Structure formats: C-alpha cells, structure tokens
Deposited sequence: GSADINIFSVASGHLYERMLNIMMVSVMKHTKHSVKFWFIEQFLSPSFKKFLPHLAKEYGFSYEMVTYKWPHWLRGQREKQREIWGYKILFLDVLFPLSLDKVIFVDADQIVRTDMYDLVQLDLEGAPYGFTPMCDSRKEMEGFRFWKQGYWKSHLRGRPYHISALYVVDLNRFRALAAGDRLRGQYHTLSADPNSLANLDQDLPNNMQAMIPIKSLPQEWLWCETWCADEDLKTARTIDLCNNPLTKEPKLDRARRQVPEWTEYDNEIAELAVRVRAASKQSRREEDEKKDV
C-alpha cells in the first residue's frame, strides 16, 4: 500500500478511538492504506468488526503475531509491554518487503493526507518525530525535557513526542537501529519507554524533527496553531486533568461525526 500505519494500545475506549483514527485517515487521502496491528492487543469484538470497517472505508490490514522474544527482558506492566511493542521491534514486526511505516496513536485525529508524511525527506534519519511544542508558555513548568538531565543530554536536539513517527525501514535496518535500541533497553532496563528511549539515543540513531504542524496537542501547543495542525493527539494535561473524551468532543468537532458513523455501521453489521 502507499500508506502503511501501525498502532498498538489496550482497552475499550482506545479501541473506540482507534476506529475513529482509521476513519480520519481515510477521509483525507485517496492513496491506498494498510493498517498494521498486533493480534494479541485487539479484543475479539474488535477483530470481528475490523473486516467490516475495512470493506466500508477501503483499507487493507494485517494482524501480526510476533511475540516478545525470550532473550529480551519482559515487562510485567501492560502499558510498558505495549510501549515495548511500539519501539523495540521496528525491524522485526514488519516484513523486508515494507519500505516505510508510520506509528499513529489510537487517540489521534488525522486532518491531512498521510501520503505527505510518506513523501517527507528524512535527511538520512531512520525515523522522524515531531518536537514537543514550546508554544503554550504557561505550561513551561511541566516541560521536564527543558531542565536537568534532558537539557544537558540533548545538547540542543529537540525532545519529541512519541504519538506519531515515520520509520524509514530501509535506513532503520541498515543502521541496525533495532539492535541498538534493544541494546540500550537492556542496559537501562536494569520512565516513558516509548518516548524516552528514542529521544535518548539521537546521537546514535538520529531523529528527523518533523515540522511542528505534524502533531498538535492542546497540553503543549497554543490555540492559534490548531487551525494549521495536520494531526491532533489527545495527550493528557497534567494541570487540568481534563478527561479524554471531554478533550476529544471539546477540541475536535468531527470526532462525534466519525464516532456516530462507525456506530451506525456496527448497527447495520449486527442487524444483518
């Protein structure tokens, strides 16, 4: 397919949002799209509905059955296991026939043609991530990456949010980035695994910083930049603690539209 998107998450609300993420992608492209999931992290109900969603919205999909290898230290906590599946297996989840894959968070709403991200020049980097926004200045106290360990360690590189990333799998494989990430994981495994690990290894495994418009989250990013945002992440706000759905329905007018459309499809599938 032209566009290849990977997502992984757990839970009922995240499955509901995952369907909305997929629909949002299809509403903004005419290029072909394949979604890649990890079989064990989708509920039976989700897996039964998926072929119906695919036929309605004109995408293909694959459920991968890759299991955490015995030689790699596991994670007892589900959230951390899922973070491992996001970042530790990019060279092994996907076949060598695949040139590129994009991780999109299940809570995202896309407002752009994702083929633009496929075509974006990564300047030799094995992957590209969006920097955390500086624009909402009133949240500076929560920008942990601008002080202490991160300020000195980054030596002027951005700290990037892990909600969205494009992986040039040819470059990633050539650099043995998967081995390098797993190697650092083993050393460090003796906080936010999916985000801290790639941000920590930029000197060895570089990140191309995507233009800021690629990922807007209200927590970090100014109101004025919503109108130009290509994708929205519903990232949590440590100040307000505003609930996830309230953020979704408040921030994103089309969220309800997509949710309703999918629900109506489910009603018809069940009626038949």
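Residues 1-2, 193-197, 280-293 of the deposited sequence, counted from 1, carry no C-alpha coordinates in the model.
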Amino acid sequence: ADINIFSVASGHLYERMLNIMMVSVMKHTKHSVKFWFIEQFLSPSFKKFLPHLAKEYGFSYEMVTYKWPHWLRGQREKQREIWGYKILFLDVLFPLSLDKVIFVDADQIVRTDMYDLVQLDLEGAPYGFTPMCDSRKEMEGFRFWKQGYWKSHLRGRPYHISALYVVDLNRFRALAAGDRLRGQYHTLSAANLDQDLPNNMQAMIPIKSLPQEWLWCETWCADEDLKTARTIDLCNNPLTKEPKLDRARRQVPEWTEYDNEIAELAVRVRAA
From here on, numbers count along this sequence of modelled residues.
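For the pair 210-218 and 63-71, the record assigns the higher mean C-alpha temperature factor to 63-71. Annotation for 89-97 versus 106-114: the higher mean temperature factor (C-alpha) is found in 89-97.
Within the group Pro131, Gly84, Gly156, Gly128, the record's highest C-alpha temperature factor is found at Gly156. The residue among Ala272, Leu265, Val8, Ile5 whose C-alpha atom has the highest B-factor in the PDB entry is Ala272. The PDB entry assigns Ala203 a C-alpha temperature factor belonging to the highest third of its chain's modelled residues. When the CA B factors of the chain's modelled residues are split into thirds, the value for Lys244 lands in the highest one. When all modelled residues of the chain are sorted by CA temperature factor, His160 is found within the lowest third. Among the modelled residues of its chain, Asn237 has a C-alpha B-factor that falls in the highest third according to the deposited record.
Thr256: CA B factor in the middle third of modelled residues in this chain (values from the PDB entry).
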